[PDB]
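Asks: One structure is given below, represented as structure tokens, and several questions about it will come after.
Every read-out reported here was derived from the displayed coordinates using simple, explicitly stated rules and does not represent laboratory data. Note: ideal-geometry Cβ built from the backbone for every residue, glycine included; neighbour counts use all protein chains shown.
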Amino acid sequence: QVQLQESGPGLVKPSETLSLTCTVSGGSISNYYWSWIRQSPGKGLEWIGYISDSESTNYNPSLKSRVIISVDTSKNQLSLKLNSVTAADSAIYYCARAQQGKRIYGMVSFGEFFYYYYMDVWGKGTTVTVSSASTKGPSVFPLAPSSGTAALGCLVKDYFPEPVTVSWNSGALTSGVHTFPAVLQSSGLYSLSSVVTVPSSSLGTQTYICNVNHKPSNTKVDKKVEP
Amino acid sequence: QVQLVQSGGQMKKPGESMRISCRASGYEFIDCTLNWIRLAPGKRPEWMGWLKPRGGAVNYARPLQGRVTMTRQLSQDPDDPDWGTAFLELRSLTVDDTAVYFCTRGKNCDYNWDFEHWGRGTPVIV
Amino acid sequence: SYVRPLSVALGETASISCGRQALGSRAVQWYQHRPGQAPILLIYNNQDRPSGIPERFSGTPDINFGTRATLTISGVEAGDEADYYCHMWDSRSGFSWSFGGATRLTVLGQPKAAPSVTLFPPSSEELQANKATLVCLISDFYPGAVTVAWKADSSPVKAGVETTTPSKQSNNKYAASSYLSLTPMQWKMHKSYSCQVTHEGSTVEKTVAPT
Amino acid sequence: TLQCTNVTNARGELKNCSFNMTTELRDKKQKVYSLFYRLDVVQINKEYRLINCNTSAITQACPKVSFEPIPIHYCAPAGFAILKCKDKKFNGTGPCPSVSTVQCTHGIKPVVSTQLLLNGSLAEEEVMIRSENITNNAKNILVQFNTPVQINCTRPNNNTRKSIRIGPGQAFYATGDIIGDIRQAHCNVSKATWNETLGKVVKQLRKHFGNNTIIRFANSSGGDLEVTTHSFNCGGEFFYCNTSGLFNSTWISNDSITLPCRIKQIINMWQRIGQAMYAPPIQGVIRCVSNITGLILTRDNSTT
Amino acid sequence: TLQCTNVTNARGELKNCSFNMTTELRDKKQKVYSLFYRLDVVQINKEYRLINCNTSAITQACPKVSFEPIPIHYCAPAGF
Ligand SMILES: *[C@@H]1O[C@H](CO)[C@@H](O[C@@H]2O[C@H](CO)[C@@H](O[C@@H]3O[C@H](CO[C@H]4O[C@H](CO[C@H]5O[C@H](CO)[C@@H](O)[C@H](O)[C@@H]5O[C@H]5O[C@H](CO)[C@@H](O)[C@H](O)[C@@H]5O)[C@@H](O)[C@H](O[C@H]5O[C@H](CO)[C@@H](O)[C@H](O)[C@@H]5O)[C@@H]4O)[C@@H](O)[C@H](O[C@H]4O[C@H](CO)[C@@H](O)[C@H](O)[C@@H]4O[C@H]4O[C@H](CO)[C@@H](O)[C@H](O)[C@@H]4O[C@H]4O[C@H](CO)[C@@H](O)[C@H](O)[C@@H]4O)[C@@H]3O)[C@H](O)[C@H]2NC(C)=O)[C@H](O)[C@H]1NC(C)=O
Ligand SMILES: *[C@@H]1O[C@H](CO)[C@@H](O[C@@H]2O[C@H](CO)[C@@H](O[C@@H]3O[C@H](CO[C@H]4O[C@H](CO)[C@@H](O)[C@H](O)[C@@H]4O)[C@@H](O)[C@H](O[C@H]4O[C@H](CO)[C@@H](O)[C@H](O)[C@@H]4O)[C@@H]3O)[C@H](O)[C@H]2NC(C)=O)[C@H](O)[C@H]1NC(C)=O
Ligand SMILES: *[C@@H]1O[C@H](CO)[C@@H](O[C@@H]2O[C@H](CO)[C@@H](O[C@@H]3O[C@H](CO[C@H]4O[C@H](CO)[C@@H](O)[C@H](O)[C@@H]4O)[C@@H](O)[C@H](O[C@H]4O[C@H](CO)[C@@H](O)[C@H](O)[C@@H]4O)[C@@H]3O)[C@H](O)[C@H]2NC(C)=O)[C@H](O)[C@H]1NC(C)=O
Ligand SMILES: *[C@@H]1O[C@H](CO)[C@@H](O[C@@H]2O[C@H](CO)[C@@H](O[C@@H]3O[C@H](CO[C@H]4O[C@H](CO)[C@@H](O)[C@H](O)[C@@H]4O)[C@@H](O)[C@H](O)[C@@H]3O)[C@H](O)[C@H]2NC(C)=O)[C@H](O)[C@H]1NC(C)=O
Ligand SMILES: *[C@@H]1O[C@H](CO)[C@@H](O[C@@H]2O[C@H](CO)[C@@H](O)[C@H](O)[C@H]2NC(C)=O)[C@H](O)[C@H]1NC(C)=O
Ligand SMILES: *[C@@H]1O[C@H](CO)[C@@H](O[C@@H]2O[C@H](CO)[C@@H](O)[C@H](O)[C@H]2NC(C)=O)[C@H](O)[C@H]1NC(C)=O
Ligand SMILES: *[C@@H]1O[C@H](CO)[C@@H](O[C@@H]2O[C@H](CO)[C@@H](O)[C@H](O)[C@H]2NC(C)=O)[C@H](O)[C@H]1NC(C)=O
Ligand SMILES: *[C@@H]1O[C@H](CO)[C@@H](O[C@@H]2O[C@H](CO)[C@@H](O)[C@H](O)[C@H]2NC(C)=O)[C@H](O)[C@H]1NC(C)=O
Ligand SMILES: *[C@@H]1O[C@H](CO)[C@@H](O[C@@H]2O[C@H](CO)[C@@H](O)[C@H](O)[C@H]2NC(C)=O)[C@H](O)[C@H]1NC(C)=O
Ligand SMILES: *[C@@H]1O[C@H](CO)[C@@H](O[C@@H]2O[C@H](CO)[C@@H](O)[C@H](O)[C@H]2NC(C)=O)[C@H](O)[C@H]1NC(C)=O
Ligand SMILES: *[C@@H]1O[C@H](CO)[C@@H](O[C@@H]2O[C@H](CO)[C@@H](O)[C@H](O)[C@H]2NC(C)=O)[C@H](O)[C@H]1NC(C)=O
Ligand SMILES: *[C@@H]1O[C@H](CO)[C@@H](O)[C@H](O)[C@H]1NC(C)=O
Ligand SMILES: *[C@@H]1O[C@H](CO)[C@@H](O)[C@H](O)[C@H]1NC(C)=O
Ligand SMILES: *[C@@H]1O[C@H](CO)[C@@H](O)[C@H](O)[C@H]1NC(C)=O
Ligand SMILES: *[C@@H]1O[C@H](CO)[C@@H](O)[C@H](O)[C@H]1NC(C)=O
């Protein structure tokens, strides 16, 4: 079918161009409508704008003085460039395909219809935080167990900004994994703590390595875990 | 097209009072006399009293005198001027007053006691 | 956008009424939006659903004008807790740019679950890096509201502790971390450190010593 | 002085006007509002005013009298008589061969119509056309169908009527708001029935103009609103139906034609200059079913 | 709008109402007063108004016609 995936800087300084892109899968770009949506913490969903299968522009007047939704049909990629960003522009940006419906209530010739739009398939989301503070990489410190069933994990200390992705054995170990929500310390850096439940038989020895990725810092660090 | 519309049901307690309406439509309100009939299970249908909108002249039944009061309120706007609202008030309620109260009208305005038209009923539980 | 509360029981029926009633012929969209997650299209045309939505999600069609648009959830689950939006399109009002308000459905009467505290001592790499950190991991508790208290040997700490707000899990339970950043000398000069997690009724304790 | 806006939509036809209106007390005013079709108002220089103010007074129709045509029978007094004419191909003038007498005429329905005669009496046998002198172009030709063409009309908007006390017993009935959708008042005819009926009319038209000449149909050429459009009454409101879709066929040798109709409340009727009537709005959705039985044509220098 | 008081006494029945009334000139008013029995007036919320205003118009009886019942004879036409 059709699936999407966004990709953005994740951190843009105030009063700057918030560039973004979204590549769709298993579908043609020039025969569907596409909508951009952002959702801030504490605020409801906000409809950015939408582009047609004829590549027509129409933005929310709450934002139209700053948005420009482009699209390039050579691939399945369409962009989104908000500029003059402020602190209120921190939100998750979802890439959804709009589909055009024509609600007819009277005579079609007299123009007694109105057009409604519904998004059926959505993207996963890309977190974009705005702050004058620069980027910052993490630093993984392992957590060893201490002997039936035991638990082990990786401490992802001070990093900025959200988020980070945690894999175990590059993706093989996926049962019992439990990545925890981060904590914004008063110093301004998030701290995430992953943990995996493991049978006590494999403690000696089944090699366990946690994979930590933080895209705003171009880092990919790993570390072992052993008593 | 004679149609009598009453008010919703009410749950009262002994000592309180009630007020129910009966909006008629489809005939000259001041020409035909209206009545009020209560219907309790296991009892005879009791006639409370009739009211003539021409001046509001009323006649109460003896077992209800002093506790029953019937009024009217016909609209004074000649566009829909064919409708009145007969109100019924029963004070010092007892558990024996629990029934379904109807407002009736004769088949014609010459003879009043041939109740051809009935309201949907206003159940009261004391 | 502000949020409208709602409280239904597990297995009962819900009636999420739209907050912006229509003026003419309506074409309402319903979205299930879990916080910090991709929304789900429940109903796009007044009564029509997409492929992959249970029958227990029904939308009211406008055949006679007057019937307001409401979302009916029959046989609610614990996983049905999310936000719900009424995207109201009608012939009188113009272009429905904004989504609905916010109906945060909270299901009452879910199974009460006890937490699972797991306290780890500081890592040797960070102790070698001249810093210490205790990680009191809590998970699989309901309702999601816990109180964390740290004790140095036997005295309360309070200074230097950060705590997660109880986020929701996949199994509809809740989890939260609990960090205590110590100096590498303060962690060695003490005998034991405990993490008192008082969830709902009574507390659970996990202790860790420097040996 | 009316303060009007457009009723929220996207063509801005019927307006939403507010005004300082008198009350039951001669020293109190009130800021009430109402809906008026644009055909009833004109601007000053936004500010509007009722169309009839610089012309004549206006009397609101009593909402208890009926606009319905009732069969009226005309009778001659004693000593007089009415002469019928049972000739089924009798054109207007000449000597009727089969004559009978009646004390009263038949049920005459005084249906006020225009261009298209509505609810009239059909003709037996074949459709005849009249006009006193058919060759005089300035004489209205009366064509009388023999089969009825069904026409359906409606004002789809669900209207509301608001009573506004403007004095001791003076209650002006205004248009409150439109419940539900806002649509367009129109009329329907069967294109097949209208095609065969326009064929029946062009049939008898050759007996007066020639078996080879062309017969062309067009819409009105100008004048007032009451003449350029099909004007009549439907449920109690006066339509003005654009008949350009009915008269557009040059003849030589499932369907549904829809006419865009407007609505007026401030009419003078007949054509008198002196008094206009305000028709109080009809509550609910309007639709009426009528037959068009006649037609009033007007020809325009060789053989076409 | 009527501005009424009680007529000085001690039951306060007939009132003493004053009002801004029109004159012979369409641009001049006048503050005249009159007595009205309470059966003819109703309050607003002291301020009063004539009872018939929210119902119908009112015509003052000509003070030259007689309210006296005169013996009227009903007769049938010829042939009856
Ligand atoms: C005088 O002359 C006049 C001029 O001729 C004449 O005017 C006519 O007036 C009437 C009413 O006054 C008008 O009737 C309306 O018609 C509307 C349009 O209907 C057409 O389109 C729809 C939708 O078409 C899409 O979907 C179908 C499948 O559903 C596809 O097959 C189509 O290809 C199409 O999909 C493509 O096109 C879309 C563009 O719209 C694209 O977006 C899409 O991507 C695709 O590319 C069809 O369903 C209709 O088909 C019906 O009729 C055919 C005959 O051709 C029959 O086989 C069968 O009965 C079909 O059902 C038609 O083709 C209607 O929308 C409207 O009815 C709705 O609106 C009113 C008021 O708003 C509601 O009260 C009513 O209940 C209807 O609401 C239903 O539908 C909406 C929208 O779908 C829902 O939101 C709503 O919940 C409700 O759903 C319920 O009912 C459904 C069935 O109706 C059911 O499926 C649901 O599950 C639910 O129960 C109304 O009927 C007419 O258009 C005028 N004529 C013209 C030419 O404009 C007048 O009548 C004359 N007489 C007078 C004045 O007396
Ligand atoms: C023709 O034009 C007239 C105007 O002359 C229109 O009449 C007005 O219509 C508007 C709506 O379009 C009315 O405004 C609504 O008033 C409601 C009444 O509440 C008032 O009173 C309470 C006290 O009980 C106050 O607290 C409150 O502030 C109001 O003063 C409001 O409840 C409505 O609020 C809605 O809008 C707000 C803001 O968007 C929302 O937050 C609310 O949730 C709610 O949805 C609204 O303000 C106005 O009262 C009408 N005026 C009169 C005199 O009636 C006609 O509608 C128009 N007709 C047509 C056909 O176009
Ligand atoms: C219904 O209500 C109306 C009021 O709207 C009453 O009408 C008023 O009645 C009062 C008396 O109750 C009148 O007041 C009297 O006015 C007299 C006229 O003199 C005026 O003009 C001279 C100039 O020539 C001025 O110098 C003088 O000051 C006045 O302005 C006065 O002579 C009266 O004076 C009396 O009282 C004073 C004070 O108590 C005494 O010292 C005097 O000796 C004297 O006894 C008095 O002031 C008033 O004028 C009336 N108004 C109108 C518009 O007519 C109705 O009477 C009342 N009806 C009922 C049935 O209740
Ligand atoms: C041409 O002639 C037609 C028929 O002779 C006219 O149609 C009539 O139009 C009037 C008003 O537009 C209608 O009166 C309406 O009545 C309905 C209620 O009627 C329904 O209920 C009664 C039961 O009491 C039932 O007997 C009827 O059959 C209906 O089912 C209301 O909406 C209003 O009160 C309104 O007055 C007539 O009903 C209607 N007659 C028919 C046979 O359809 C048409 O108006 C004429 N055209 C012109 C231009 O004059
Ligand atoms: C109602 O809508 C119509 C149509 O948009 C408006 O007509 C416009 O009037 C202005 C006058 O200021 C003209 O400059 C425009 O050219 C008109 N537009 C069209 C499409 O004709 C009308 O003004 C609106 N009325 C109100 C009260 O808002
Ligand atoms: C419109 O159509 C026809 C005109 O012939 C009328 O319906 C017929 O009326 C005759 C005379 O009353 C009846 O004998 C037929 O049985 C009727 N046909 C049907 C199918 O009912 C109808 O009354 C006309 N309406 C008018 C003139 O208002
Ligand atoms: C037109 O609108 C009126 C109200 O503006 C509708 O009347 C309602 O009818 C229902 C019955 O289905 C009653 O329960 C309501 O009480 C009525 N409302 C009022 C205010 O009287 C009417 O149904 C509408 N009709 C159409 C065809 O839209
Ligand atoms: C005008 O309206 C009438 C009534 O709605 C239509 O007559 C109906 O026609 C359909 C289709 O043949 C029949 O199924 C119905 O039984 C008819 N109604 C009645 C009451 O007999 C008529 O077709 C319409 N004509 C036009 C030109 O719109
Ligand atoms: C009646 O309808 C016709 C078309 O059905 C209208 O004709 C328009 O006339 C104007 C010039 O007056 C042209 O510019 C348009 O192109 C015509 N429209 C069409 C579709 O041909 C006519 O205007 C209508 N009558 C009124 C009074 O508006
Ligand atoms: C006229 O006199 C009567 C009787 O004293 C007044 O009636 C009183 O009205 C007030 C209203 O403010 C009530 O609180 C009192 O209880 C009433 N008294 C009685 C005995 O009923 C009336 O207000 C007086 N009117 C004027 C204009 O002064
Ligand atoms: C005109 O106003 C009078 C005010 O007295 C209304 O009469 C009273 O109305 C209330 C409730 O509407 C009743 O409780 C009183 O019993 C009525 N009193 C009298 C003496 O009738 C009257 O209904 C209003 N008329 C209109 C048409 O609104
Ligand atoms: C009514 O009169 C007042 C007088 O101040 C004026 O301001 C207002 O605009 C008037 N209302 C209308 C609708 O013109
Ligand atoms: C009507 O018929 C007579 C004779 O049958 C004829 O003289 C007269 O011209 C006809 N009327 C018209 C308008 O042609
Ligand atoms: C008549 O038709 C012509 C041509 O379509 C159009 O320009 C004109 O506006 C029409 N007039 C009327 C009154 O419909
Ligand atoms: C007459 O009008 C004036 C206007 O200033 C007002 O002060 C006075 O109270 C009015 N008179 C009455 C009796 O209401």
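Asks: What FRET efficiency, computed as 1/(1 + (r/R0)^6) with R0 = 30 Å and r the Cβ-Cβ distance, is obtained for D:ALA138 and D:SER98, rounded to the nearest 0.05?
Replies: With a Förster radius of 30 Å, E is 0.40.
Asks: Let's see if you can work this out: charge +1 on each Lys and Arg Cβ, -1 on each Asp and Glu Cβ, no other charges. What is the dipole magnitude of chain C about its Cα centre, in debye to the nearest 20?
Replies: That gives chain C a dipole magnitude of about 340 debye.
Asks: So in region C:1-109, what percent of DSSP beta bridges are antiparallel if you round to the nearest 5?
Replies: Bridges in region C:1-109 that DSSP calls antiparallel: roughly 75 percent.
Asks: Related question: Let me check I have the definition right: for region A:133-227, take the eigenvalues of the Cα gyration tensor, multiply each by 5, take square roots. What are those semi-axes in whole Å, largest first?
Replies: Equivalent-ellipsoid dimensions as semi-axes: 26, 13, 10 Å.
Asks: What does region C:110-211 give for Rg and for Dmax, in Å, if only its C-alpha atoms count?
Replies: 14.1, 46
Asks: For every other residue with a beta carbon closer than 13 angstrom to the beta carbon of B:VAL68, add +1 if it is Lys or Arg and -1 if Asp or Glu, then tell me the sum.
Replies: With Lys, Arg at +1 and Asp, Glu at -1, the neighbours total +2.
Asks: Another question about this same structure. Give me the number: length gained by fully extending D:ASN119 to D:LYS89, i.e. 0.36 nm times residue separation minus the C-alpha to C-alpha distance, one decimal in nm.
Replies: Extra length from D:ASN119 to D:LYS89 when fully extended: 8.7 nm.
Asks: Now a separate question. Over all directions, average the projected area of the Cα convex hull of the protein assembly as shown and note it in nm².
Replies: 70.8
Asks: Return the distance in nm (one decimal) between the two label points of a simple spin-label model at E:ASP40 and D:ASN254, each offset 7 Å from Cα along Cα→Cβ.
Replies: That separation, rounded to one decimal, is 7.5 nm.
Asks: Let me ask another. In the neighborhood of B:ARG91, defined by Cβ-to-Cβ distances under 9 Å, what is the net charge if each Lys or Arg adds +1 and each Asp or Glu adds -1?
Replies: -1
Asks: Here is a further query. Relative contact order for chain B: what percent, with Cα pairs under 8 Å and sequence separation of 6 or more?
Replies: Computed over chain B, the figure is 35 percent.
Asks: Just to be sure I understand: with springs between alpha-carbon atoms less than 10 Å apart, which residue in B:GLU16, B:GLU28, B:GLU46 has the highest mean-square fluctuation in the Gaussian network model of chain B?
Replies: Comparing B:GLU16, B:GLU28, B:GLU46 in a Gaussian network model of chain B, the most mobile one is B:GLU16.
Asks: So what is log10(I(q)/I(0)) for chain E at q = 0.25 1/Å, when the Debye sum runs over its Cα atoms only?
Replies: -1.23
Asks: Using alpha carbons only, how many angstrom separate the centre of region A:37-110 from the centre of region B:46-116?
Replies: First find each Cα centre; the distance between them is then 65 Å.
Asks: Radius of gyration and Dmax for chain D's Cα atoms, expressed in Å?
Replies: 23.0, 75
Asks: Next question, about the same structure. Find the eigenvalues of the gyration tensor of the Cα atoms of chain A, then list the square roots of 5 times those eigenvalues as equivalent ellipsoid semi-axes, largest first, in whole angstrom.
Replies: Equivalent-ellipsoid dimensions as semi-axes: 42, 21, 15 Å.
Asks: For region C:38-58 and region D:229-304, what is the separation of their C-alpha centers, rounded to whole Å?
Replies: 47
Asks: Fewest first, what order do D:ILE257, B:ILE20, D:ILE296, C:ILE63 take by the number of other Cβ atoms within 10 Å?
Replies: Taking fewest neighbouring Cβ atoms as first place, the list is C:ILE63, D:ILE296, D:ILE257, B:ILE20.
Asks: What's the exposure ranking of C:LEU108, D:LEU205, D:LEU14, going from fewest to most Cβ atoms within 10 Å?
Replies: C:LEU108, D:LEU205, D:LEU14
Asks: Between D:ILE166 and D:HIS73, what length comes free when the chain is fully extended (0.36 nm per residue of separation minus the Cα-Cα distance, one decimal in nm)?
Replies: In short, 29.5 nm is gained.
Asks: Calculate the mean, over all residues of peptide D:155-163, of how many other protein chain Cβ atoms lie within 10 angstrom of the residue's Cβ.
Replies: 1
Asks: Give the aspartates and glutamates reachable from C:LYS158 as a straight Cα distance under 20 Å; neighbours fewer than 8 places away on the same chain don't count.
Replies: C:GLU205
Asks: Hey, another quick one. Taking N as the number of residues in region D:71-176, what value does Rg over Cα atoms divided by 2.2 N^0.38 Å take?
Replies: Dividing the Cα radius of gyration by 2.2 N^0.38 Å gives 1.66.
Asks: Taking other Cβ within 10 Å of each residue's Cβ, how do A:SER84, A:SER7, A:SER74 sort, fewest first?
Replies: Lowest count first: A:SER74, A:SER84, A:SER7.
Asks: Hey, another quick one. Once the cut-off is 16 Å, how many percent of the Cα-Cα pairs in region C:1-109 end up in the long-distance tail?
Replies: 56
Asks: Separate question: Modelling each spin label as a point 7 Å along the Cα-to-Cβ direction, I'd like the D:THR213/B:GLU46 distance in nm, to one decimal.
Replies: 8.9
Asks: Taking the Cα-to-Cβ direction at C:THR13 and at C:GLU55 and moving 7 Å from each Cα, how far apart do the two end points lie in nm?
Replies: 1.4
Asks: Moving on. If each DSSP helix of 4+ residues adds -39,500 (n - 2.57) and the sum is divided by the residues in chain C, what number results at 222 nm, nearest 500 deg cm²/dmol?
Replies: -1000 deg cm²/dmol
Asks: Provide the FRET efficiency to the nearest 0.05 for the C:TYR2-A:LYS81 pair, computing r from the beta carbons and using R0 = 25 Å.
Replies: E(calc), rounded to 0.05, equals 0.25.
Asks: Oh, and also: With respect to the cross-link table entries A:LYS157/A:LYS224; A:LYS215/C:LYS112; D:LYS109/D:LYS200; A:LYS64/A:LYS124, which display a Cα-Cα separation exceeding 27 Å?
Replies: Table pairs above 27 Å Cα-Cα are A:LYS215/C:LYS112.
Asks: Taking every residue in D:24-37, how many Cβ atoms of other protein chains lie within 10 Å of its Cβ, on average?
Replies: 2
Asks: Show that you can apply the helix-only estimate: for chain D, add -39,500 (n - 2.57) for every DSSP H stretch of four or more residues, divide by all residues, and state [θ] at 222 nm to the nearest 500.
Replies: Mean residue ellipticity at 222 nm (helix-derived): -2500 deg cm²/dmol.
Asks: Can you tally the net charge around D:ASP87? Count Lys and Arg as +1, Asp and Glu as -1, for every other residue whose Cβ sits under 15 Å from the Cβ of D:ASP87.
Replies: Here the count lands on +2.
Asks: Taking chain B on its own, what percent of its Cα-Cα pair distances exceed 18 Å?
Replies: 49
Asks: Counting DSSP beta bridges in chain C, what percent are antiparallel, to the nearest 5?
Replies: Taking every DSSP beta bridge with both residues in chain C, the antiparallel ones total about 90 percent.
Asks: On to the next question. Exceeding 29 Å between C-alpha atoms, which entries from my cross-link table qualify? They are D:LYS29/E:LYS31; A:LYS43/C:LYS151; A:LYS75/C:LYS168; D:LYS28/E:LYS64; A:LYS102/C:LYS168; D:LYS86/D:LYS264.
Replies: Pairs exceeding 29 Å: A:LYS43/C:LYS151; A:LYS75/C:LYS168; D:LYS28/E:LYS64; A:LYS102/C:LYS168; D:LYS86/D:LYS264.
Asks: Using only the Cα atoms of region C:37-85, what are the Rg and Dmax in Å?
Replies: Rg then Dmax for region C:37-85, in Å: 11.7, 36.
Asks: Now a separate question. Across region A:100-107, in residue order, what do the Karplus-derived ³J(HN,Hα) couplings come to in whole Hz, using 6.51 cos²θ - 1.76 cosθ + 1.60 with θ = phi - 60° and x for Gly and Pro?
Replies: 7, x, 10, 8, 9, 10, x, 8
Asks: Using a 10 Å cut-off around each Cβ of peptide A:99-109, what is the average number of partner chain Cβ atoms that fall inside?
Replies: 5
Asks: Straight-line reach from B:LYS52: which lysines fall under 18 Å, measuring Cα to Cα and dropping same-chain residues less than 8 apart?
Replies: B:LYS107
Asks: Then there is this: Which one, C:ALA69, C:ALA102, C:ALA38, has the greatest fluctuation when you compute a Gaussian network model over chain C with C-alpha springs under 10 angstrom?
Replies: C:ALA38
Asks: Same structure, new question: So if I take the centroid of the Cα atoms in region E:32-65 and the same for region A:120-140, what is the distance between those two points in Å?
Replies: Cα centroid to Cα centroid, the span is 78 Å.
Asks: Quick one: work out the % antiparallel among DSSP beta bridges in the protein assembly as shown, nearest 5.
Replies: So the antiparallel bridges in the protein assembly as shown amount to around 95 percent.
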